[PDB]
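Only one chain is included here, represented as structure tokens and corresponding to the form deposited in one PDB entry.
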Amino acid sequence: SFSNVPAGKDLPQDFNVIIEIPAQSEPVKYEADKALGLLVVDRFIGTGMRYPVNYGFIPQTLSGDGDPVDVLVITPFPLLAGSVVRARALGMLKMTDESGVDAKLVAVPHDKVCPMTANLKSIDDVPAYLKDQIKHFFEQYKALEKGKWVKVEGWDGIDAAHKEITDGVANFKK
């Protein structure tokens, strides 16, 4: 299943995201097992906080931590966990957590998939209130797990997102 989905139709700018956690879903952290082809319950989020936007990963990528490249996808209605969405990048949130460096991309679907998000061209177009909510979420969601923490370094734009994607694709192929 998950293992055979292409990273994208035209990398890095035209990529695929497998959804693990729908926006506003009850506070349960699922992670795709690429060796089982199934979503696995990683943990019940200690704080009870919910992802403000959809969360998933790009298949066939391997990030700095040995996990696939992480992606937040903004949509007008939550997406189904375990579904695939063709997406494009807006930018990224840079952070470090208990396991070291942690960048997450911020994306929207392809314009023909989601006309509603077509006018979001870069991270600067995302409403400030949403940006602020995403940043608060990552700063606070691990507050009640011993040994876990997050510091947000800052936002970066589309070119940085594309580097992260090209690196991830390369690293995965070895």
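One-based numbering along the sequence shown. Between two forms, the rigid core is the largest collection of C-alphas that superpose within 1.5 Å.
Heads up, the form deposited in another entry isn't pictured, but that's what we're talking about next.
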- Query: Of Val113, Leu130, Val28, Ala118, which one's CA moves 2 Å or more between the shown form and the other one, core aligned?
  - Reply: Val28
- Look at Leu62 and decide if its Cα position differs by 2 Å or more between the shown form and the other one after superposing on the rigid core. no
- Query: What happens to the Cα distance from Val85 to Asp33 in the other entry: does it get closer or farther than here, with a change of 3 angstroms or more?
  - Reply: farther
- Given that the distance between the C-alpha atoms of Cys114 and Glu31 changes by 3 Å or more in the other entry, do they end up closer or farther than here? farther
